[PDB]
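The chain below stands alone, shown as structure tokens; this is the form solved without the DNA.
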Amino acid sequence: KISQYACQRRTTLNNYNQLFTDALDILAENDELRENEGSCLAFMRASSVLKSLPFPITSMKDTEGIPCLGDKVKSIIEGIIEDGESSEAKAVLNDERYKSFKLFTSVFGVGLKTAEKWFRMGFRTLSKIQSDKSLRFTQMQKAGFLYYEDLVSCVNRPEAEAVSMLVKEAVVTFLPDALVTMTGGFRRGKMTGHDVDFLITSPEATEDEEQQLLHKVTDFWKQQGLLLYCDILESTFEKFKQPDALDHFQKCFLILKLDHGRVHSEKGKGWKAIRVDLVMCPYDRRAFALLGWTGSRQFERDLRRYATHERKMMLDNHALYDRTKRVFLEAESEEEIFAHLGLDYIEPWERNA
């Protein structure tokens, strides 16, 4: 019996149902853009469960016993079985609002509000937005437009590893005992990503040393002429608060200049702009941060839902709290968090939910 929770399923990059999941992912994305959170969630859960299957769906009988497959989702599956296409997903791909929202939000610094504003002003292309003399852009959007082609090109593993070298080199200059771990999609085994994420922690650094590292590292890169964009969010983390966007570790959203000579791959300007996110956490919370920043987004949503609805526990990126025992549960590894929750350990490459 397949569980309704992604944290109780093994989801590897071996997807046998991409014909169904690509359609469900488009319908979920459109519902996100149309601010229909409920319908978005239903399509995301259905797409997630199909991604976990060890076989391709070839008839409606194959869907019997599979959870998170409502009547609307089953109608979409039935239509794809019929002629290999989703008429619903095809209509979304051709919708002018969907196309504009995908195109505008593909710019670093442009969210739902700005995309909607530009669409209602009558804009349909990035060329017409960029050349407009009345529009005002944020510093994030300026960088988003200036390095657009590099940021819309996917980051591959040789590039991610070249970025890892730069991060490690900079960090150990100021904190030589620091541990730097690549998180996100690349930690789950992905060949490509939109950015490169890292978790930084130090077993001996003080509260102030921990605070100053991201400032020292980014100033070093600014001096080297490698810092193309930088936004540092100070920590809002509270050591003794109970475990959605307001509480967080110190982090920074960057754009780094990656020289081609640093990339060791089999293969213009001689450099590429790369989106990099750095997260600094206290040493004792490193397992919770690692689990949260490894993802996938759906795996994280189901982990938190399972903890709350099944084990009356409260989980987030900073801690695990037991509401029955009225105590915070400690962990030195992800394995210990899974054991506290009563879950079999799911490897990072099996969290592609």
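We number the residues from 1 along the sequence you see.
Omitted from view is the form deposited with the DNA bound, to which the following refers.
The three marked residues, 18, 20 and 153, fail to reach the DNA in the bound PDB entry, with no heavy atom of any inside 4.5 Å. Not displayed here, the DNA is kept clear of residue 34 by more than 4.5 Å at the level of heavy atoms in the bound PDB entry. Under a 4.5 angstroms non-hydrogen atom cutoff, the DNA in the bound PDB entry lacks residue 287 among its neighbouring residues. Using a 4.5 Å cutoff between non-hydrogen atoms, residue 72 counts as a contact of the DNA in the bound PDB entry. Contact between residue 45 and the DNA in the bound PDB entry is found at the 4.5 Å heavy atom cutoff. Proximity to the DNA in the bound PDB entry, defined as a heavy atom within 4.5 Å, singles out one entry of 320, 68, 28, 50, which is 68.
For the options 264, 113, 222, 269, the residue carrying a heavy atom within 4.5 angstroms of the DNA in the bound PDB entry is 113.
Annotated contact segment (heavy atom within 4.5 Å of the DNA in the bound PDB entry): 113 to 121, selected among 199 to 207, 113 to 121, 166 to 174, 86 to 94. In the bound PDB entry, the residues of 292 to 321 lying within 4.5 Å of the DNA by at least one heavy atom are, in order, 297, 300, 301, 304, 305, 308, 309, 314, 315.
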